[PDB]
Number of protein chains: 2
Amino acid sequence: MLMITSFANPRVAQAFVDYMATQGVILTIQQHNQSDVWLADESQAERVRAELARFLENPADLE
Amino acid sequence: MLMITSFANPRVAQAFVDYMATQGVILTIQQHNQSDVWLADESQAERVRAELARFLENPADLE
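Judging from the entry metadata, solution NMR is the method by which this structure was determined.

Here it is in structure tokens:
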């Protein structure tokens, strides 16, 4: 497996592998997925931290 | 800005910032987006590398 190239968009990625597959060349795409949570109110960082940890152990809504 | 935490799903991320925002705490989420193109046919890795490089500079369809 040799990395052909790296893209930052689905339309492009898909389009590429699309015209390539129809041309007789099979390609693969890897769409990353990660949701980073950041706060601006440091003072509230503590509140969110606690509540968050207490929510993470409560798999019902977040999930 | 202090990173509160990191998640691997939209539902969770949104849900979290949701219950946090309605509680008087504003939060932010960062949904990573990256499409990595990899090939299995090394022999074709060449023909693809050229065609791809020529297509990348041709913003019309891929875009």
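Participant: Tell me what's going on with the relation of the copies chain A and chain B, and back it up with residues and numbers.
Facilitator: Placing chain A over chain B gives an RMSD of 0.6 Å and needs a rotation angle of 180°, together with 0.0 Å of translation along the axis. Look at the turn and shift together and you get a two-fold axis relating the two.

Participant: Please give an account of helix α1 (residues 10-21) of chain B that cites residues and values.
Facilitator: With 12 residues, α1(B) should reach 16 Å at 1.5 Å per residue; the first-to-last C-alpha distance of 16 Å fits that figure. Of the residues making up α1(B), those classed as buried are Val12(B), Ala13(B), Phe16(B), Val17(B), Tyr19(B) and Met20(B). Projected onto a plane normal to the axis of α1(B), the buried residues spread over an arc of 165° and lie on a single side. Exposed side of α1(B), more than 90 degrees from the buried face: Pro10(B) and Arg11(B) are the residues found there. Considering only its buried residues, α1(B) is in contact with β3 (35-39) and α2 (42-56) of chain A together with β1 (2-7) and β2 (27-31) of chain B.

Cut-off values and rules
Residues numbered from 1 in each chain as written, not as in the entry; some residues may be left out. Chains lettered and ligands numbered in written order. Heavy atoms only, no water. Least-squares fit on C-alpha atoms. Helix = DSSP H or I, 4+ residues; strand = E, 2+ residues; numbered from the N terminus. Expected span 1.5 Å × (residues − 1). Buried < 20%, exposed > 50% of the residue type's maximum accessible area, 1.4 Å probe, protein only. Arc of directions from axis to C-beta. Contact = heavy atoms within 4.5 Å.

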